[PDB]
Amino acid sequence: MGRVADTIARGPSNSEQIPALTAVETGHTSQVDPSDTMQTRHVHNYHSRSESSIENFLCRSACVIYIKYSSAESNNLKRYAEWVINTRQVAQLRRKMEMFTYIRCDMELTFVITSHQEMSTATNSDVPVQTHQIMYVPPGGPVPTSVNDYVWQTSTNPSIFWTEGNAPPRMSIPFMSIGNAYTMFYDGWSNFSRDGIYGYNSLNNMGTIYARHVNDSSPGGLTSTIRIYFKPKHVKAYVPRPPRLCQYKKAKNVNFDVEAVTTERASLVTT
Amino acid sequence: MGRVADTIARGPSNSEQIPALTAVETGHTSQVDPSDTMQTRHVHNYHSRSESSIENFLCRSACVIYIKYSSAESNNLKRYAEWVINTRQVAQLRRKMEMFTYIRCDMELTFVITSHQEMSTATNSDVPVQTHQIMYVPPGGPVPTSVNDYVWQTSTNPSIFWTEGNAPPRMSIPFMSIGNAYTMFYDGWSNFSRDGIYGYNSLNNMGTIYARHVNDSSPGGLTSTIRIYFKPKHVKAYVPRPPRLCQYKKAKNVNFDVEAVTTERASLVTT
Amino acid sequence: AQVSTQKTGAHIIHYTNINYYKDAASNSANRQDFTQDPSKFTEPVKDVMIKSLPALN
Amino acid sequence: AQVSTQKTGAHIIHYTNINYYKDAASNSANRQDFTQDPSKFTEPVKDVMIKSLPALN
Amino acid sequence: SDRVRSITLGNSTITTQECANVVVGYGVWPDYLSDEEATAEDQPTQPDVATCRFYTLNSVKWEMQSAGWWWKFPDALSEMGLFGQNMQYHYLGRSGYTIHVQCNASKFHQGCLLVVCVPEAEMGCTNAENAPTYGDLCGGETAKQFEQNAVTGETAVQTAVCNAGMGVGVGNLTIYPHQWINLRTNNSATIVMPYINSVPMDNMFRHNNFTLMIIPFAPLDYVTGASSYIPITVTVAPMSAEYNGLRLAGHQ
Amino acid sequence: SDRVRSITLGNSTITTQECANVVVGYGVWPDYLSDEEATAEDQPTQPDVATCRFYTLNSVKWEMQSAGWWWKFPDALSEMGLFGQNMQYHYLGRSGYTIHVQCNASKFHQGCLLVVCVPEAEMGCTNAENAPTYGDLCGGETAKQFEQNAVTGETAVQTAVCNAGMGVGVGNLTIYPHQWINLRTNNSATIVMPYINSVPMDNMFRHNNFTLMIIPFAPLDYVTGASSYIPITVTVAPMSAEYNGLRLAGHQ
């Protein structure tokens, strides 16, 4: 279990014991309980730290991107969409993972794929139920340049085929870093010269997702938008860091704008 | 089993025993059976109090609200809807729970989500099957101000994604009061001053449901209405109360209008 | 697996339940608990009142 | 089959899981591991500091 | 006989020579909080006999057109002895009670009272947009009065016995711990309320654990030439009072 | 080290890092009254942690021409918390104390104080026909002050350290439980007074069990350019407080 400490009954004291006094010049932080600073009763305490595990904290699906593509190519979305895999284009999921320096985990990817009708000068629409492909292309694979090209044959590339009006499709991904954990922060460079990309984006090379309609275009236009959700599973995290204080600027840098530590108060004494 | 008492055979009597006579000035209520006031035969009685348990009484799904939202924003419904969680906006479910002062239970939330076409000057509709999100935001979480904002990333907020033409989605919720039971009636105030909100609404702070279409708006308009159903499960209830006599006025007060105890009769003697 | 009697009459009659979740809030409601104790509302008196005797002697 | 206790209160209570896949990345997340060791952040000192004694003698 | 009883608590004692038993509400007798149900980690003060002892409240006149009276607790004992002092200085308290109602009459008088302790007796309001104010919920040692018929106001409590000031049948206040005082039988009621709340301890000014209501169900009646002043006195002792969260006096 | 100590009583705790031991006056540590030494037959209330806990009194400014300060007990704690409330409502009380004096300074300051608890410190008067009045014996939480030289008045206390306000050698207040605070050594004194009287319990307003006197024997001195405000703070906790003879509040 994850059950917390009980309070221990304590009486009056008058001794040379000094639990309250300490030096904080040591890296050590005090271990004092209420049973050291006042009377206290015995409390049998059944509260658990069950949901404050890192495998419950990080284990809820979070949207990491959405990308759009259009049958008509109505508003410059092409007939397929692409996304270079990263976790840093969204504030919320990024912040949770950046409370740790190294994380090894498996992922679970869920896709929520929706479509909508577009304005057109077309008359009479009775468009069949759309099918969509989501193709994962590992680093150094051939890439789509059109919706019709040979790369969508998926002979070794992992791929999902899914039809609208069905449960969101999902696939597990295993741990797959070159290292023994994913690196959230890298204080190095990509060159021995100490030039080029600086930061964690040096070590980012996680392939690219491509997504298209599998159906041929119909006389109107449909735009489909695919939202990608990652959930960490089976997590071990190492080296705790402060939570972010500043809002992010960029998905490849930590650059930040100088921001206040805390919010205002009127004075030292407030009620 | 929940089987009821058998009738016991009884003969003529003439004794100083007086089961019929009692004093009701005691809080005690009489324990008399038919076997104390007349002859009676033995009846082996197999009737059960099985369905009059509080875990069968309260354990049927009841609608607690519905809220509407519109793709077009046709009639002032916005592109998302919200509801501050409570059980007091519906008469029927509220009354059943208010026959008890304290209840601890788990809930099961089922959502019945429907959509309808709206009047428009649009021509040619062939709108894809809608997907909808239902997001639960615990107290003190960020809230939607638009349908497109960052809060719908659901990085830690529990969320359902569901597509029309499928079985109603449901999720269990555990017991989650700060106290050791939910409080149906609070005779206190929220301030030590004895000012501010008075009543059970002081202790109400159960978060907010938000619901949107996940699909981008199409040239016509659709309004979706989501009906929320709560079913108590695993119930223990404490301190029985009278059932309500008066119709409710408000979902945060018990204020009531003075109403008749019972319906009319012509006279004391009626047939 | 838990094997438990069904609700049945009066004058096969078991079902099987397996829990599929890691939480007990996920479980189906307990509908077969028929314990009672009406005496704390119906007879909430310090001295035990015997039915055949006077209430007040 | 693996039979393991559910999360339950405070003052049946098991579930059954069977893995259906040949990979352990396919498995449901481990949510019931509650091991801790706060002492490597909270007390990361070479000499053991006893609470009742002076920090610095 | 079953009609004679004494209850001794602290340095107080009450005697009765007509009583209709003692109701122990929900069959649970007052006790101190256990270590397995605690959550306040500081040592509790238990003043014992100094706070647990009968405190007689202000008496009310029973008239033929009286519709009833109520006192909320712990706020009727907020100025009473060291019970009320330990309310001042502590964030939390927790106490059971024995409530004893006295109302004697001659054998040529008639009337019937319901004496009932209602947990969590949240009350309505005359105006449906407003909450009742503290002055109308509580009179302290003085009772607030029910009225025969509906009242009006803005922050006034809706008083009308039929609704019991709570929007429920007044005849159904019998699943709550109760006794009747019927003048041809008994002259006293006794209820022993345990501590009842959904939290193990709570603040004693911000919350009222229960309300004692006394409601005539059979009007006072007597032939003119008999006593015309008949009081109802409520004398109530704390039991197993304990307090946590010691700080400076006040409640704001 | 012997210089560091904590004393925990109730929800209060004091820390010292310079102290010269703890004096337990007459070698007797506070305790509740026994059954063989009792004479009050009612149950005693023992409020435990709610009354036994440090209460900081008003501080006094140590000056170079200061001649000392005194506080009488129990009348310096008569308005302090629930200790002072239980004095109001009870005829009898009975308590021991731990008295803790604080007075830190730099190592470039010098001075010496006698800290002494004197049982039954009955005091003289300026006029020999009159008794000193209550306002001149006691200041409550505020100290009354000794003067360097003789004073005059009618009901004024005769103050003059040499006589100690009692007509005795001031240098002989060392058979009473005492410690010194010498600024080059320690910054705190601690005395633990048992209950000392010739009756097992006594009224807490009509009688003062002991008086704490703080008297400079070596004047405060420092070179100008150093701190010129140096307070003396007296923080005193009741121990084993119990009370008998519960009645209405007051003392007249």
# chains A, B, ... in the order shown; residues from 1 in each chain; ligands from 1
>>> select_by_dssp(residues="region 57-226 of chain E", states="strand (DSSP E or B)", output="ChimeraX atom specification")
/E:60-61,69-73,90-102,109-119,144-145,168,178-182,188-193,202,210-222,224,226
>>> interface_residues(of="chain E", to="chain B", cutoff="6 Å", atoms="only C-alpha atoms", output="short mmCIF file (atom, residue, chain, number, x, y, z; two decimals) with N, CA, C and O atoms, in the first residue's frame")
data_model
loop_
_atom_site.label_atom_id
_atom_site.label_comp_id
_atom_site.auth_asym_id
_atom_site.auth_seq_id
_atom_site.Cartn_x
_atom_site.Cartn_y
_atom_site.Cartn_z
N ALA E 20 -41.72 9.49 30.60
CA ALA E 20 -42.04 8.41 29.71
C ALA E 20 -40.76 7.94 29.11
O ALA E 20 -40.51 8.14 27.93
N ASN E 21 -39.93 7.25 29.94
CA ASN E 21 -38.68 6.64 29.56
C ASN E 21 -37.66 7.69 29.12
O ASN E 21 -37.83 8.88 29.38
N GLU E 120 -29.71 18.49 11.27
CA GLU E 120 -29.57 19.27 10.05
C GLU E 120 -30.85 19.90 9.61
O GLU E 120 -31.31 19.68 8.49
N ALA E 121 -31.47 20.71 10.49
CA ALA E 121 -32.78 21.27 10.27
C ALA E 121 -32.64 22.58 9.56
O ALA E 121 -32.96 23.63 10.11
N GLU E 122 -32.14 22.55 8.30
CA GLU E 122 -32.07 23.67 7.40
C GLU E 122 -33.46 24.16 7.08
O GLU E 122 -34.35 23.35 6.81
N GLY E 124 -36.38 27.06 5.42
CA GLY E 124 -36.74 27.85 4.28
C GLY E 124 -36.82 29.31 4.61
O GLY E 124 -36.42 29.75 5.69
N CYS E 125 -37.39 30.09 3.68
CA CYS E 125 -37.39 31.52 3.76
C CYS E 125 -38.66 31.95 3.10
O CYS E 125 -39.16 31.28 2.20
N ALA E 128 -38.21 33.70 -1.89
CA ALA E 128 -37.64 32.51 -2.46
C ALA E 128 -36.33 32.82 -3.14
O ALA E 128 -35.71 31.92 -3.69
N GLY E 167 -40.53 22.44 4.89
CA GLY E 167 -41.18 22.08 3.65
C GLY E 167 -41.58 20.64 3.61
O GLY E 167 -41.67 20.06 2.54
N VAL E 168 -41.87 20.03 4.79
CA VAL E 168 -42.12 18.62 4.94
C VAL E 168 -43.33 18.51 5.83
O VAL E 168 -43.67 19.45 6.52
N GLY E 169 -44.04 17.36 5.82
CA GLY E 169 -45.11 17.09 6.76
C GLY E 169 -44.64 17.17 8.19
O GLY E 169 -43.63 16.56 8.54
N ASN E 172 -44.50 13.98 10.35
CA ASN E 172 -43.55 12.98 9.93
C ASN E 172 -42.24 13.21 10.64
O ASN E 172 -41.24 12.58 10.30
N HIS E 178 -37.47 11.45 19.40
CA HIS E 178 -38.58 12.26 19.81
C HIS E 178 -39.24 11.58 20.97
O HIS E 178 -39.15 10.37 21.12
N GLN E 179 -39.97 12.38 21.78
CA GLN E 179 -40.89 11.92 22.78
C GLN E 179 -42.02 12.90 22.73
O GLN E 179 -41.88 13.97 22.14
N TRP E 180 -43.17 12.56 23.34
CA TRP E 180 -44.28 13.47 23.45
C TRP E 180 -44.41 13.76 24.91
O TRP E 180 -44.07 12.92 25.74
N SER E 198 -21.30 14.20 9.34
CA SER E 198 -20.57 13.42 8.37
C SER E 198 -19.11 13.75 8.40
O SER E 198 -18.34 13.19 7.62
N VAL E 199 -18.68 14.67 9.29
CA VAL E 199 -17.28 14.95 9.55
C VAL E 199 -17.08 14.63 11.00
O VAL E 199 -18.05 14.70 11.76
N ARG E 206 -20.46 27.88 13.13
CA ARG E 206 -20.69 27.94 11.71
C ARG E 206 -21.66 26.87 11.33
O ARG E 206 -22.13 26.83 10.20
N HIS E 207 -22.04 25.99 12.28
CA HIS E 207 -22.80 24.82 11.97
C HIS E 207 -23.64 24.52 13.17
O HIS E 207 -23.20 24.70 14.30
N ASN E 208 -24.87 24.02 12.92
CA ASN E 208 -25.79 23.62 13.95
C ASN E 208 -26.10 22.18 13.68
O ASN E 208 -26.70 21.84 12.67
N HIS E 251 -15.04 34.46 16.34
CA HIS E 251 -15.73 33.66 15.37
C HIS E 251 -16.18 34.60 14.30
O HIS E 251 -17.32 35.06 14.27
N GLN E 252 -15.26 34.90 13.37
CA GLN E 252 -15.51 35.80 12.28
C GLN E 252 -14.54 35.48 11.13
O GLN E 252 -14.68 36.12 10.05
#
>>> interface_residues(of="chain C", to="chain E", cutoff="8 Å", atoms="only C-alpha atoms", output="ChimeraX atom specification")
/C:40-41,44-47,56-57
>>> interface_residues(of="chain C", to="chain D", cutoff="12 Å", atoms="only C-alpha atoms", output="ChimeraX atom specification")
/C:1-4,16-30
>>> closest_residue(among="D:50, D:10, D:43, D:36", to="chain B", atoms="only C-alpha atoms")
D:10
>>> closest_residue(among="E:213, E:230, E:249, E:170", to="chain F", atoms="only C-alpha atoms")
E:249
>>> atom_distance(atom1="CA of residue 171 (chain E)", atom2="CA of residue 16 (chain E)")
27.4 Å
>>> interface_residues(of="chain A", to="chain B", cutoff="7 Å", atoms="only C-alpha atoms", output="list in words")
residues 60, 61, 62, 63, 92, 93, 114, 115, 116, 117, 118, 119, 123, 124, 125, 126 and 165 of chain A
>>> write_last_selection(atoms="N, CA, C and O atoms", output="PDB file, in the first residue's frame")
ATOM      1  N   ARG A  60      -2.677   9.664 -18.261  1.00  0.00           N
ATOM      2  CA  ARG A  60      -3.952  10.101 -18.751  1.00  0.00           C
ATOM      3  C   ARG A  60      -3.640  10.719 -20.077  1.00  0.00           C
ATOM      4  O   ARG A  60      -2.649  11.433 -20.216  1.00  0.00           O
ATOM      5  N   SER A  61      -4.442  10.361 -21.108  1.00  0.00           N
ATOM      6  CA  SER A  61      -4.282  10.791 -22.475  1.00  0.00           C
ATOM      7  C   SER A  61      -4.401  12.282 -22.630  1.00  0.00           C
ATOM      8  O   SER A  61      -5.329  12.895 -22.107  1.00  0.00           O
ATOM      9  N   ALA A  62      -3.456  12.879 -23.384  1.00  0.00           N
ATOM     10  CA  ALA A  62      -3.348  14.300 -23.562  1.00  0.00           C
ATOM     11  C   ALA A  62      -3.189  14.515 -25.030  1.00  0.00           C
ATOM     12  O   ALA A  62      -2.452  13.774 -25.670  1.00  0.00           O
ATOM     13  N   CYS A  63      -3.891  15.518 -25.612  1.00  0.00           N
ATOM     14  CA  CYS A  63      -3.763  15.875 -27.009  1.00  0.00           C
ATOM     15  C   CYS A  63      -2.417  16.517 -27.219  1.00  0.00           C
ATOM     16  O   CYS A  63      -2.019  17.361 -26.420  1.00  0.00           O
ATOM     17  N   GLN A  92       0.364  21.737 -21.861  1.00  0.00           N
ATOM     18  CA  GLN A  92      -0.055  20.959 -20.718  1.00  0.00           C
ATOM     19  C   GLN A  92       0.666  19.650 -20.520  1.00  0.00           C
ATOM     20  O   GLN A  92       1.077  19.334 -19.406  1.00  0.00           O
ATOM     21  N   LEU A  93       0.814  18.849 -21.603  1.00  0.00           N
ATOM     22  CA  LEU A  93       1.455  17.553 -21.573  1.00  0.00           C
ATOM     23  C   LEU A  93       2.939  17.709 -21.419  1.00  0.00           C
ATOM     24  O   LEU A  93       3.591  16.944 -20.712  1.00  0.00           O
ATOM     25  N   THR A 114     -12.258  13.257 -37.239  1.00  0.00           N
ATOM     26  CA  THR A 114     -13.553  13.843 -37.456  1.00  0.00           C
ATOM     27  C   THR A 114     -13.470  14.434 -38.829  1.00  0.00           C
ATOM     28  O   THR A 114     -12.375  14.672 -39.327  1.00  0.00           O
ATOM     29  N   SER A 115     -14.629  14.677 -39.477  1.00  0.00           N
ATOM     30  CA  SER A 115     -14.675  15.322 -40.763  1.00  0.00           C
ATOM     31  C   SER A 115     -15.830  16.267 -40.729  1.00  0.00           C
ATOM     32  O   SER A 115     -16.712  16.158 -39.884  1.00  0.00           O
ATOM     33  N   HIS A 116     -15.840  17.241 -41.660  1.00  0.00           N
ATOM     34  CA  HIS A 116     -16.887  18.216 -41.741  1.00  0.00           C
ATOM     35  C   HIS A 116     -17.031  18.546 -43.191  1.00  0.00           C
ATOM     36  O   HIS A 116     -16.086  18.425 -43.968  1.00  0.00           O
ATOM     37  N   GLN A 117     -18.259  18.953 -43.583  1.00  0.00           N
ATOM     38  CA  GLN A 117     -18.580  19.436 -44.901  1.00  0.00           C
ATOM     39  C   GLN A 117     -18.069  20.835 -45.071  1.00  0.00           C
ATOM     40  O   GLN A 117     -18.028  21.611 -44.119  1.00  0.00           O
ATOM     41  N   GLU A 118     -17.639  21.161 -46.306  1.00  0.00           N
ATOM     42  CA  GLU A 118     -17.078  22.433 -46.661  1.00  0.00           C
ATOM     43  C   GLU A 118     -18.016  23.097 -47.620  1.00  0.00           C
ATOM     44  O   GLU A 118     -18.784  22.435 -48.315  1.00  0.00           O
ATOM     45  N   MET A 119     -17.957  24.450 -47.675  1.00  0.00           N
ATOM     46  CA  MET A 119     -18.591  25.248 -48.698  1.00  0.00           C
ATOM     47  C   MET A 119     -18.079  24.913 -50.072  1.00  0.00           C
ATOM     48  O   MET A 119     -16.888  24.681 -50.268  1.00  0.00           O
ATOM     49  N   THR A 123     -23.662  20.812 -56.098  1.00  0.00           N
ATOM     50  CA  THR A 123     -25.053  20.601 -55.796  1.00  0.00           C
ATOM     51  C   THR A 123     -25.207  19.111 -55.778  1.00  0.00           C
ATOM     52  O   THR A 123     -24.649  18.423 -56.632  1.00  0.00           O
ATOM     53  N   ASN A 124     -25.923  18.596 -54.752  1.00  0.00           N
ATOM     54  CA  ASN A 124     -26.262  17.206 -54.564  1.00  0.00           C
ATOM     55  C   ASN A 124     -25.057  16.476 -54.022  1.00  0.00           C
ATOM     56  O   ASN A 124     -24.110  16.190 -54.751  1.00  0.00           O
ATOM     57  N   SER A 125     -25.095  16.155 -52.713  1.00  0.00           N
ATOM     58  CA  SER A 125     -24.026  15.493 -52.018  1.00  0.00           C
ATOM     59  C   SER A 125     -24.642  14.308 -51.351  1.00  0.00           C
ATOM     60  O   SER A 125     -25.715  14.398 -50.755  1.00  0.00           O
ATOM     61  N   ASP A 126     -23.959  13.156 -51.469  1.00  0.00           N
ATOM     62  CA  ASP A 126     -24.386  11.912 -50.900  1.00  0.00           C
ATOM     63  C   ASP A 126     -23.104  11.133 -50.894  1.00  0.00           C
ATOM     64  O   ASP A 126     -22.939  10.144 -51.606  1.00  0.00           O
ATOM     65  N   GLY A 165     -17.404   6.514 -37.688  1.00  0.00           N
ATOM     66  CA  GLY A 165     -18.579   5.989 -37.033  1.00  0.00           C
ATOM     67  C   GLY A 165     -18.238   4.793 -36.202  1.00  0.00           C
ATOM     68  O   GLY A 165     -19.106   3.973 -35.910  1.00  0.00           O
TER      69      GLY A 165
END
>>> atom_distance(atom1="CA of residue 35 (chain D)", atom2="CA of residue 51 (chain A)")
12.2 Å
>>> atom_distance(atom1="CA of residue 101 (chain F)", atom2="CA of residue 146 (chain F)")
17.8 Å
>>> interface_residues(of="chain E", to="chain F", cutoff="10 Å", atoms="only C-alpha atoms", output="ChimeraX atom specification")
/E:10-11,42-51,80-82,85-86,88-90,243-249
>>> write_last_selection(atoms="C-alpha atoms", output="PDB file, in the first residue's frame")
ATOM      1  CA  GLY E  10     -21.329  17.129  36.601  1.00  0.00           C
ATOM      2  CA  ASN E  11     -22.492  19.133  39.605  1.00  0.00           C
ATOM      3  CA  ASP E  42      -3.325  17.817  18.102  1.00  0.00           C
ATOM      4  CA  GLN E  43      -4.267  16.580  21.583  1.00  0.00           C
ATOM      5  CA  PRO E  44      -7.993  17.143  22.359  1.00  0.00           C
ATOM      6  CA  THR E  45      -8.943  18.956  25.561  1.00  0.00           C
ATOM      7  CA  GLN E  46     -11.756  17.196  27.385  1.00  0.00           C
ATOM      8  CA  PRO E  47     -13.053  19.504  30.145  1.00  0.00           C
ATOM      9  CA  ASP E  48     -15.276  16.694  31.519  1.00  0.00           C
ATOM     10  CA  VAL E  49     -17.580  17.865  34.366  1.00  0.00           C
ATOM     11  CA  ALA E  50     -16.923  21.576  33.774  1.00  0.00           C
ATOM     12  CA  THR E  51     -18.746  21.596  30.429  1.00  0.00           C
ATOM     13  CA  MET E  80     -23.463  29.050  28.619  1.00  0.00           C
ATOM     14  CA  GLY E  81     -20.706  28.505  31.180  1.00  0.00           C
ATOM     15  CA  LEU E  82     -17.382  27.032  30.133  1.00  0.00           C
ATOM     16  CA  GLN E  85     -16.095  29.575  26.504  1.00  0.00           C
ATOM     17  CA  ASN E  86     -14.510  26.488  24.925  1.00  0.00           C
ATOM     18  CA  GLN E  88     -14.913  30.711  21.675  1.00  0.00           C
ATOM     19  CA  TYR E  89     -11.315  29.520  21.785  1.00  0.00           C
ATOM     20  CA  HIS E  90     -11.511  26.406  19.603  1.00  0.00           C
ATOM     21  CA  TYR E 243     -12.334  20.470  21.401  1.00  0.00           C
ATOM     22  CA  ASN E 244      -9.360  20.820  19.080  1.00  0.00           C
ATOM     23  CA  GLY E 245      -7.702  23.701  17.273  1.00  0.00           C
ATOM     24  CA  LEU E 246      -6.972  26.094  20.144  1.00  0.00           C
ATOM     25  CA  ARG E 247      -6.461  29.734  19.114  1.00  0.00           C
ATOM     26  CA  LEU E 248      -7.668  33.216  20.169  1.00  0.00           C
ATOM     27  CA  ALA E 249     -11.341  33.882  21.005  1.00  0.00           C
TER      28      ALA E 249
END
>>> closest_atom_pairs(of="chain B", to="chain C", cutoff="6 Å", atoms="only C-alpha atoms", output="Markdown table")
| residue | atom | partner | partner_atom | distance |
| --- | --- | --- | --- | --- |
| B:2 | CA | C:34 | CA | 5.0 |
| B:17 | CA | C:52 | CA | 4.9 |
| B:18 | CA | C:52 | CA | 5.1 |
| B:19 | CA | C:52 | CA | 4.5 |
| B:22 | CA | C:55 | CA | 5.2 |
| B:23 | CA | C:55 | CA | 5.5 |
| B:28 | CA | C:43 | CA | 4.5 |
| B:29 | CA | C:42 | CA | 5.6 |
| B:55 | CA | C:31 | CA | 5.8 |
| B:56 | CA | C:31 | CA | 5.9 |
| B:172 | CA | C:26 | CA | 5.5 |
| B:174 | CA | C:25 | CA | 5.2 |
| B:233 | CA | C:29 | CA | 4.9 |
| B:234 | CA | C:29 | CA | 5.4 |
>>> select_by_dssp(residues="region 62-162 of chain F", states="helix (DSSP H, G or I)", output="ChimeraX atom specification")
/F:81-88,134-137
>>> decode(residues="region 4-55 of chain D", atoms="C-alpha atoms", output="PDB file, in the first residue's frame")
ATOM      1  CA  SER D   4      -5.180  -9.057  -7.899  1.00  0.00           C
ATOM      2  CA  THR D   5      -6.896  -6.818  -5.338  1.00  0.00           C
ATOM      3  CA  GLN D   6      -8.876  -3.757  -6.425  1.00  0.00           C
ATOM      4  CA  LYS D   7      -8.552  -0.238  -5.066  1.00  0.00           C
ATOM      5  CA  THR D   8     -11.107  -0.061  -2.327  1.00  0.00           C
ATOM      6  CA  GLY D   9     -11.613   1.646   1.014  1.00  0.00           C
ATOM      7  CA  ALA D  10     -11.291   3.177   4.843  1.00  0.00           C
ATOM      8  CA  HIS D  11     -13.232   0.903   7.153  1.00  0.00           C
ATOM      9  CA  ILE D  12     -15.605  -9.106  -4.766  1.00  0.00           C
ATOM     10  CA  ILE D  13     -12.507  -6.970  -4.141  1.00  0.00           C
ATOM     11  CA  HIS D  14     -10.437  -8.768  -6.760  1.00  0.00           C
ATOM     12  CA  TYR D  15     -10.377  -8.535 -10.532  1.00  0.00           C
ATOM     13  CA  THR D  16      -9.019 -10.854 -13.216  1.00  0.00           C
ATOM     14  CA  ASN D  17      -6.647  -9.768 -15.973  1.00  0.00           C
ATOM     15  CA  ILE D  18      -5.498 -11.947 -18.869  1.00  0.00           C
ATOM     16  CA  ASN D  19      -2.929 -10.512 -21.301  1.00  0.00           C
ATOM     17  CA  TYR D  20      -3.953 -10.960 -24.926  1.00  0.00           C
ATOM     18  CA  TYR D  21      -0.763  -9.842 -26.666  1.00  0.00           C
ATOM     19  CA  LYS D  22       2.804 -11.007 -27.170  1.00  0.00           C
ATOM     20  CA  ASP D  23       4.326  -7.669 -26.142  1.00  0.00           C
ATOM     21  CA  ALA D  24       4.481  -6.142 -22.687  1.00  0.00           C
ATOM     22  CA  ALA D  25       4.054  -2.684 -24.213  1.00  0.00           C
ATOM     23  CA  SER D  26       0.545  -3.788 -25.167  1.00  0.00           C
ATOM     24  CA  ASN D  27      -0.321  -4.374 -21.496  1.00  0.00           C
ATOM     25  CA  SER D  28      -2.424  -1.986 -19.401  1.00  0.00           C
ATOM     26  CA  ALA D  29      -0.442   0.520 -17.300  1.00  0.00           C
ATOM     27  CA  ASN D  30       0.749  -0.413 -13.815  1.00  0.00           C
ATOM     28  CA  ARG D  31      -1.216   1.831 -11.485  1.00  0.00           C
ATOM     29  CA  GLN D  32      -0.960  -0.190  -8.275  1.00  0.00           C
ATOM     30  CA  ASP D  33       2.777   0.187  -7.612  1.00  0.00           C
ATOM     31  CA  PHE D  34       3.029   2.476  -4.585  1.00  0.00           C
ATOM     32  CA  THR D  35       6.726   2.046  -3.645  1.00  0.00           C
ATOM     33  CA  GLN D  36       8.534   5.193  -2.496  1.00  0.00           C
ATOM     34  CA  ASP D  37      11.976   6.341  -1.427  1.00  0.00           C
ATOM     35  CA  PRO D  38      11.857  10.110  -0.679  1.00  0.00           C
ATOM     36  CA  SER D  39      15.178   9.992   1.214  1.00  0.00           C
ATOM     37  CA  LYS D  40      17.396  10.534  -1.827  1.00  0.00           C
ATOM     38  CA  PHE D  41      15.961  14.042  -2.286  1.00  0.00           C
ATOM     39  CA  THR D  42      14.859  14.844   1.244  1.00  0.00           C
ATOM     40  CA  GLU D  43      17.895  13.542   3.142  1.00  0.00           C
ATOM     41  CA  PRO D  44      20.761  13.271   0.575  1.00  0.00           C
ATOM     42  CA  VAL D  45      23.555  13.625   3.173  1.00  0.00           C
ATOM     43  CA  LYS D  46      26.703  11.561   3.722  1.00  0.00           C
ATOM     44  CA  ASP D  47      26.385  11.514   7.513  1.00  0.00           C
ATOM     45  CA  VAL D  48      23.045  10.446   8.960  1.00  0.00           C
ATOM     46  CA  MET D  49      21.429  13.401  10.694  1.00  0.00           C
ATOM     47  CA  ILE D  50      19.482  12.432  13.791  1.00  0.00           C
ATOM     48  CA  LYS D  51      16.465  14.675  14.273  1.00  0.00           C
ATOM     49  CA  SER D  52      16.697  15.169  18.051  1.00  0.00           C
ATOM     50  CA  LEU D  53      20.398  16.064  17.961  1.00  0.00           C
ATOM     51  CA  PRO D  54      21.962  19.319  16.669  1.00  0.00           C
ATOM     52  CA  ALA D  55      22.438  19.449  12.893  1.00  0.00           C
TER      53      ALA D  55
END
